[PDB]
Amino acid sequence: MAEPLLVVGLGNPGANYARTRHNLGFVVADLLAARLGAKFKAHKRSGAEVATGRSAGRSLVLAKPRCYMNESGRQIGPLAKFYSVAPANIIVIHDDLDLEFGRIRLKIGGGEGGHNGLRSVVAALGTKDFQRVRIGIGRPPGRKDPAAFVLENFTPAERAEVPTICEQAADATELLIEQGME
């Protein structure tokens, strides 16, 4: 409420992953930065790229790890400190295997739903009590390993809705920032 907020979109750096299921977080962070009219820059003290701005009269810090998914948490801890943000005010956006495609849910705490990015964060923060904006991608077909599923692009049908879904996730995040969780 004077407390700065750290919104983190998870994903993998590199053109080959920009469209994969596991990068929705990056996509949403990109939208939020655009809405804020703020751009990303390499942050010397973390390794992630950051952009800053205002939302709901709140001071905002948007970031996207430049490290691969498993090393996400190690870039977040340092950012939290640099801006002195508490875990509770850290908002992580991520794809979620346990939510049907396009289904968006908010939560603080809870499990990782088999998400490796989420685990490195818990591991790095020493706590599961940070905020999450869960964007459902549904379960993987039996013919596809879960880890491979999230690293592959959305199906033609799903692809047509992803942009819309991300707008909604961006909106949810803003709303969560406005009077979120409780």
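What we label the rigid core is the largest C-alpha set whose atoms superpose within 1.5 Å from one form to the other. Numbers follow the displayed sequence, beginning with 1.
Taking the rigid core as the alignment reference, the C-alpha atoms of 50 to 58 lie farther on average from the displayed form in 6 other deposited structures of this protein than those of the other stretch among 50 to 58 and 126 to 134. Note on 89 to 97 vs 74 to 82: mean CA B-factor is higher in 74 to 82. Note on 48 to 56 vs 27 to 35: mean CA B-factor is higher in 48 to 56. The PDB entry assigns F149 a C-alpha temperature factor belonging to the lowest third of its chain's modelled residues. For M181, the recorded CA B-factor ranks within the highest third of the chain. Only modelled residues enter the ranking. Ranked by C-alpha B-factor against the other modelled residues of its chain, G113 falls in the highest third. Ranked against the other modelled residues of its chain, the C-alpha B-factor of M1 as given in the entry falls in the highest third. When the CA B factors of the chain's modelled residues are split into thirds, the value for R132 lands in the lowest one.
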